[PDB]
Amino acid sequence: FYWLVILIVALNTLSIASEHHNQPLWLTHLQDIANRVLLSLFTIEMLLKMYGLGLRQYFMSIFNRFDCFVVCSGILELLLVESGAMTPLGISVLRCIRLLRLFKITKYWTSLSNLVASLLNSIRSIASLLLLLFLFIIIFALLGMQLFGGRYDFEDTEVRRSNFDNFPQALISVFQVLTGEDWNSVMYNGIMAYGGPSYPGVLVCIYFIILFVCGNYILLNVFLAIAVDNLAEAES
Amino acid sequence: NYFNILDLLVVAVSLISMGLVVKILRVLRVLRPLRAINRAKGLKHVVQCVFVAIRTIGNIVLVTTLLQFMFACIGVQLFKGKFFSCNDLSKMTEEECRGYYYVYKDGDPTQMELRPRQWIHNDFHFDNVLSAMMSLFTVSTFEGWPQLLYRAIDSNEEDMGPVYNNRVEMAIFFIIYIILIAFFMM
Amino acid sequence: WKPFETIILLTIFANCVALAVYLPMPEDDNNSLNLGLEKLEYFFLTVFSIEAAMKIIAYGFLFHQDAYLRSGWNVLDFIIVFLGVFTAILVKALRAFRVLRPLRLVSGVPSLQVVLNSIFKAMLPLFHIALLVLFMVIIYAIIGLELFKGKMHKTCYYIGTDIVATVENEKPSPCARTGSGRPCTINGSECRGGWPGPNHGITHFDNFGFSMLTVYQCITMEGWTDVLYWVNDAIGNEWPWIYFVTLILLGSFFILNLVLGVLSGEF
Amino acid sequence: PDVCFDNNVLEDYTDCX
Amino acid sequence: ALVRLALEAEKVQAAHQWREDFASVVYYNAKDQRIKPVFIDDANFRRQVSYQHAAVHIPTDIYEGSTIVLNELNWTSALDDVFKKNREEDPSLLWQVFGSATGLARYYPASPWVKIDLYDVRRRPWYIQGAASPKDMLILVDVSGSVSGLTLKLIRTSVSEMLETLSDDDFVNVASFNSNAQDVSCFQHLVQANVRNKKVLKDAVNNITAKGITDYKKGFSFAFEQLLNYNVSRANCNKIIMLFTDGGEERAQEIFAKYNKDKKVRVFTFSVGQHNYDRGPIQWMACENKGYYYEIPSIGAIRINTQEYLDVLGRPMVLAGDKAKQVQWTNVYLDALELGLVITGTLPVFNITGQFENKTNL
Amino acid sequence: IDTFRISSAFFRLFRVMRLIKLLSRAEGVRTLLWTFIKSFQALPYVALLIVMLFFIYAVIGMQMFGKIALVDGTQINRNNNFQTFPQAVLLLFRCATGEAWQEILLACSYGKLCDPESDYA
Ligand SMILES: CCCCCCCCCCCCCCCCCC(=O)OC[C@H](COP(=O)([O-])OCC[N+](C)(C)C)OC(=O)CCCCCCCCCCCCCCCCC
Ligand SMILES: *[C@@H]1O[C@H](CO)[C@@H](O[C@@H]2O[C@H](CO)[C@@H](O[C@@H]3O[C@H](CO)[C@@H](O)[C@H](O)[C@@H]3O)[C@H](O)[C@H]2NC(C)=O)[C@H](O)[C@H]1NC(C)=O
Ligand SMILES: *[C@@H]1O[C@H](CO)[C@@H](O[C@@H]2O[C@H](CO)[C@@H](O)[C@H](O)[C@H]2NC(C)=O)[C@H](O)[C@H]1NC(C)=O
Ligand SMILES: *[C@@H]1O[C@H](CO)[C@@H](O)[C@H](O)[C@H]1NC(C)=O
Ligand SMILES: *[C@@H]1O[C@H](CO)[C@@H](O)[C@H](O)[C@H]1NC(C)=O
Ligand SMILES: *[C@@H]1O[C@H](CO)[C@@H](O)[C@H](O)[C@H]1NC(C)=O
Ligand SMILES: [Ca+2]
Ligand SMILES: [Ca+2]
Ligand SMILES: [Ca+2]
């Protein structure tokens, strides 16, 4: 079972990653039988651990508690299709649930348990700062909606698509100029919305400067709190 | 490497011996100065110190290239056949995005130009798991996601052109993943 | 008492939702929900005033001791002025100050008093790095000001018209009738003075403030190639490459040692 | 003119959309 | 001769069966499988004609073979024998023509059509005349603060493309609404829609400003008063209120119960631009009042949308198909084929595909 | 002497360099530049691999992505050639600072024109 499971798992991750657009006709028939076949190996593999390992030992391990949620969900999604009463919005959702099988591969990686203990220790050193970053990107989203606020009218036909005339559109658009990507075209619209280039009007550069300097200096400070947390483990 | 670049530059003389294979052996002569780099000593300290660091970070790099496979397969699943846009944004399906239309210049309807129309396929589509690791590699490098992100918003059913601001809820994919990859790159 | 924090936490969080559903409208328009939320501010005007006047009765002028409470009366003292200017109507400057209210949400909830206190303590060893980037911009603003004043203003208009001539994706990039830059071969067009200009007027090199704006954008490596390829289109190439590829190579090098700056003080 | 045609009882307006 | 073309066109239309594939058609395509026939220099037409085929004009916005067009070249090919019949019955006939609701024109004698050729046959004064009854239109234009930007510039274009579809029996007025209401035209009542009176409207519409608050109740109640005023001298026919709003959450339910109890005012509503507003109520106003909701994404859809509003006004005519076939002559206009001043006689062709057997009748 | 002349544009730079006399007295800043000039020890051998990197990828693409027909509007244009050697170094310095390298990739393809100075007859 160090080698019987891999032929199944590597055969699963080729089943779930075939996925064309057209899939001529025979491929999409193989997608459903494979899922039907490879669950029949999944349950058995699980069920052999149910008897000859100990019941309390099996559920205590977190990685095999994960394998419980896999095998149950495979059965729930197959029978719900046979029930027939399911929206076409939902069968796409069930299909995305299988995709969680890719972590079955991660029963490997020998330092996996060292690795998660490295990462999850880091997040609880960031969850103070990361909640400051999200409340920073809200103030600048509530500000930009007041300054620009559907002044992107312009009487033209080109798509000034990162406008602020909504709450989510101003939450995409701030997070676009936060990560640096194409804040140039954005700033050239806030300048041209008010008074394009003039005296009073180009002082709306100041909105896209403080958003890009302060909005990165917060994000440069999540770079330290990791580095003081990732340095404590290096002492030992 | 000295015996590899020399044997190919010699066979270009065998390839120039026929013309009187050609340009491939010309470009195998570029390796030369690499040999002069092994005659430099400063790098032995720098390159060696970095491969120390790869041994301990390898574990993270092997996980962050799993997410570009896992979010490829959820990315394929959710955007198959979308991003398939017709040239004049008014025709919405296969057969009828054909023939000639009007491109109005600047802004006013007195400057009609007549171009043809065809399906434009948006070049970084999510069709194959291989062809979705391409596109999700560029939004990983923070370059060109807005144009692509704002396309993933505008999409609807399988072979249909974009509707204007349909389903902004599919901007959560490009955010969580972008934020995650920003956390494993850091 | 005890939960007086909790009642004020639950009412500032309402402001966050009250300003999230505020849908803005282009030329003085108001929907219905936008029109009801204007009146809901007067609820959050008086409850933040019922709170704060009790904070005065609680101690007095010494209860400006917490600097995070010092902003507390500051937020309220603008909106009372906003009610005065409201009666002048029977203007949009105080509209933007209500955005500041969730900063009160910081001062209420502790543990984020840990974060903002810790975030200013990183700013002391970074000061010499940031002041050299401030001298890095001023050198390359004056050099780009004297080398490129007025150089962009050429156009490629049509024959004699006002239309700038482009091709289908081509940005409206400048010309020169004299040598080294753009023959303007768009077939029925002649380069004439006036204004083709960079992005719409915003990417010049005249007037100290524009030079300093367009060597800023260039420093962040974003769009530095349009400001290169516009100069390179107006002067002519082979000289102005050495301006921008030393602004990138020094702009890279002195942010590359800003990231290593912060990681000094806390290690 | 003198003809004109408007408003039959049938019609059946159930399209628009 | 018109009766002969209307009697045969309908007869052939009944036996059609809707072919879907087309691996079997051969028409002319007069703008350049297909035909390339002989030409006679003829002098009544002052031009080269064929006398052996009809030609076809398919407007260059449409076409690839799209089986709505391509199927209508099938049954229309029958009118070839009856076009050819009338030259032998009486010579010196000028252009016979079957226009069609999908935009084609078969016209015998076939001839080369006269850089861009715009020419939609469905907006031709000789089509918009015998395709409906006369019209007391009234155009309401949302000029509030929310239309500014793109979606206003589409209204200034589209009214100017709306008013071109009016004959000289039809009356209009153009009325903006916003905070309050007003007839931004300098007329204050319904006019004649001459050549001249439509020019005042095209300078009033092109100097609309956009500011204020929508209300829809001071607007419609100004619209139904204008379609009173019997004082004037209106045409007393199809009353139309057309609405160029962008969006809004207001079913004006208190107004149509006030004025449209008898349901005698058709309300066509358009919603222009790519605003992200509620198109919910605007679809409601038109499906309660015998209207028809249309939508306009951008420039280009304007020419196709503001002509399909005459298919709704043809709905009362088709229900009197025995006696609606009068002949309706058009008052003088210059031919598009370069012939001189010509006057046309028109007659509608209606869809008879179940009649006297009657049928679901869809 | 001109008042008795475009070439004076370099000499003007000398007028600007007086601002660098400022940092002379700024003792806390000069001590930070001088640290980097003292640090320029293990850096420039790593910079030798950067130069080599740009040199190999220039020459590999120059034989290969030439013939590429500098039509403007199509993102391989007269400012952004692949043809000569220093135009192909700058293109790679565009992709090294991430400046929209995703288009250049789409500019090299299978169906681009072939620059009517080549053969292709
Ligand atoms: C401490 C935390 C930060 C505090 C948050 C708030 C910061 C201060 C915000 C200033 C309020 C600006 C008022 C907005 C409306 C402008 C007035 C107007 O309508 O005129 C329109 C006119 C025309 O624009 P228009 O054409 O779009 O409007 C036309 C409509 N009518 C006719 C009704 C007005 O524009 C002008 O010519 C005057 C512009 C006013 C001056 C512009 C400065 C505003 C931006 C300054 C940058 C502030 C950055 C904030 C973030 C930095 C952090 C400190
Ligand atoms: C519209 O086009 C279709 C074809 O595109 C025409 O249908 C054709 O009609 C003729 C006579 O109605 C058919 O001829 C018949 O052939 C069979 C043998 O195939 C023979 O047994 C019959 O006696 C008769 O001669 C012809 O097959 C048919 N074509 C197809 C593909 O079915 C139709 O006539 C066109 N409409 C008009 C008004 O012209
Ligand atoms: C046309 O409409 C006008 C309304 O503007 C009518 O004027 C009113 O006539 C009645 C007669 O019953 C008077 O009681 C009102 O005072 C009049 N209105 C005003 C504002 O003075 C007019 O009668 C109508 N008919 C004609 C032929 O003009
Ligand atoms: C435009 O260019 C084409 C070919 O380049 C040429 O045939 C044509 O005459 C040119 N137009 C004018 C007005 O010269
Ligand atoms: C009326 O029609 C008949 C039928 O051909 C024709 O002979 C006659 O000349 C026509 N009348 C006139 C006045 O042309
Ligand atoms: C609006 O435009 C018309 C037509 O040019 C003109 O008569 C009128 O004076 C204009 N009104 C204003 C306020 O500019
Ligand atoms: Ca970047
Ligand atoms: Ca409105
Ligand atoms: Ca970028």
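FYI, it's all coordinate maths here, none of it is from the lab. So basically every Cβ, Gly included, is an ideal-geometry build from the backbone, and we count neighbours across all protein chains shown.
Of all residues in region F:71-90, those that are within 18 Å of C:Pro240 (Cβ to Cβ) have Cβ atoms under 7 Å from Cβ atoms of residues that are among the charged types (D, E, K, R), 6 or more apart or on another chain, in F:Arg78/F:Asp72; F:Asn79/C:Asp233. Filtering region E:192-208 to residues that are away from ligand 6 (no atom under 13 Å from the Cβ) and surrounded by fewer than 20 Cβ atoms within 10 Å (Cβ to Cβ) leaves E:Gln192, E:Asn194, E:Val195, E:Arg196, E:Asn197, E:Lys198.
Counting only residues that are under 17 Å from E:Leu154 (Cβ atoms), surrounded by 18 or more Cβ atoms within 10 Å (Cβ to Cβ) and away from ligand 8 (no atom under 13 Å from the Cβ), how many does region E:209-220 have? Looking only at that region, the number is 0. For region E:277-296, give me the residue count where each residue is touching a helix residue (DSSP H, G or I) at 6+ places or on another chain (Cβ under 9 Å), within 29 Å of A:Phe154 (Cβ to Cβ) and surrounded by fewer than 20 Cβ atoms within 10 Å (Cβ to Cβ). Number of matching residues: 1. Here E:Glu10 clears all of (1) within 30 Å of E:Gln326 (Cα to Cα); (2) exposed (fewer than 14 other Cβ atoms within 10 Å of the Cβ) except the condition numbered (2). Listed by position, the helices (runs of 4 or more DSSP H) inside region E:275-323 whose residues that are within 16 Å of the chain's Cα centre (by Cα) and of a type outside the set (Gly, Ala, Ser) number at least 2 are E:302-305, E:310-313, E:315-318.
In region F:11-25, the qualifying residues are those that are in contact with a helix residue (DSSP H, G or I) (Cβ under 9 Å, 6 or more places away or on another chain) and assigned to a loop (DSSP other than H, G, I, E, B), and the one that is farthest from the other protein chains (Cβ to nearest Cβ) is F:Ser24.
Residue-by-condition table, conditions (1) within 29 Å of A:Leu27 (Cβ to Cβ); (2) within 14 Å of chain E (Cβ to nearest Cβ); (3) away from ligand 5 (no atom under 16 Å from the Cβ):
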{"position": "B:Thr93", "(1), (2), (3)": "yes, yes, yes"}
{"position": "B:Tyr101", "(1), (2), (3)": "no, yes, yes"}
{"position": "B:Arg115", "(1), (2), (3)": "no, yes, yes"}
{"position": "B:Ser140", "(1), (2), (3)": "yes, no, yes"}
{"position": "B:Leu149", "(1), (2), (3)": "no, no, yes"}
{"position": "B:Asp154", "(1), (2), (3)": "yes, yes, yes"}
{"position": "B:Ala171", "(1), (2), (3)": "no, no, yes"}
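Within the bounds of region E:178-197, is there any residue that is under 23 Å from the mean Cα position of the chain (by Cα), outside any loop (DSSP other than H, G, I, E, B) and more than 16 Å from ligand 9 (Cβ to nearest atom)? The answer is yes, given that some residue of region E:178-197 is under 23 Å from the mean Cα position of the chain (by Cα), outside any loop (DSSP other than H, G, I, E, B) and more than 16 Å from ligand 9 (Cβ to nearest atom).
Rundown of residues vs (1) more than 16 Å from ligand 9 (Cβ to nearest atom); (2) away from chain A (no Cβ under 14 Å); (3) not in a helix (DSSP H, G or I), yes/no style:
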residue	(1), (2), (3)
C:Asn74	yes, yes, no
C:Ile80	yes, yes, no
C:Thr87	yes, yes, no
C:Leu94	yes, no, yes
C:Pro110	yes, no, yes
C:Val114	yes, no, no
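When every residue of region A:42-56 is checked against the conditions, at least one turns out to be touching a helix residue (DSSP H, G or I) at 6+ places or on another chain (Cβ under 9 Å), surrounded by 12 or more Cβ atoms within 10 Å (Cβ to Cβ) and closer than 15 Å to A:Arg98 by Cβ. Within region E:68-94, residues that are within 14 Å of another protein chain (Cβ to nearest Cβ) reach partners that are away from ligand 9 (no atom under 16 Å from the Cβ) and of a type in the set (A, V, I, L, M) with beta carbons closer than 7 Å, at six or more positions or on different chains, in the pairs E:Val69/E:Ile58; E:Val69/E:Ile62; E:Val69/E:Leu104. Tell me the residue from F:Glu103, F:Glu99 that is away from ligand 8 (no atom under 16 Å from the Cβ), among the acidic types (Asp, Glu) and touching a helix residue (DSSP H, G or I) at 6+ places or on another chain (Cβ under 6 Å), please. Sole residue among the options that is away from ligand 8 (no atom under 16 Å from the Cβ), among the acidic types (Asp, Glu) and touching a helix residue (DSSP H, G or I) at 6+ places or on another chain (Cβ under 6 Å): F:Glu99. Condition (residue is buried (at least 18 other Cβ atoms within 10 Å of the Cβ), of a type outside the set (S, T, N, Q) and away from ligand 9 (no atom under 16 Å from the Cβ)) applied to region B:139-146: is it met by at least one residue? Taking every residue of region B:139-146 in turn, none turns out to be buried (at least 18 other Cβ atoms within 10 Å of the Cβ), of a type outside the set (S, T, N, Q) and away from ligand 9 (no atom under 16 Å from the Cβ). Does C:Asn31 satisfy being within 14 Å of chain E (Cβ to nearest Cβ) and away from ligand 6 (no atom under 16 Å from the Cβ)? Yes: the conditions hold for C:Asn31. When the helices (runs of 4 or more DSSP H) confined to region A:161-236 are screened for residues that are more than 10 Å from chain C (Cβ to nearest Cβ) and either within 16 Å of ligand 5 (Cβ to nearest atom) or under 29 Å from the mean Cα position of the chain (by Cα) (or both), those reaching at least 2 such residues are found at A:169-178, A:207-217, A:222-229. Within the option set C:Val227, C:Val215, C:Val167, C:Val245, being away from chain A (no Cβ under 14 Å), away from ligand 2 (no atom under 16 Å from the Cβ) and under 22 Å from F:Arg12 (Cβ atoms) holds for one residue only, C:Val245. Selection of strands (runs of 3 or more DSSP E) fully inside region E:45-162 by the criterion of at least 3 residues being in contact with a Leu (Cβ under 8 Å, 6 or more places away or on another chain) returns E:135-142. Answer yes if at least one residue in region E:309-320 is of a type in the set (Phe, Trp, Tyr) and buried (at least 20 other Cβ atoms within 10 Å of the Cβ), and no otherwise. Yes, some residue in region E:309-320 is of a type in the set (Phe, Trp, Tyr) and buried (at least 20 other Cβ atoms within 10 Å of the Cβ).
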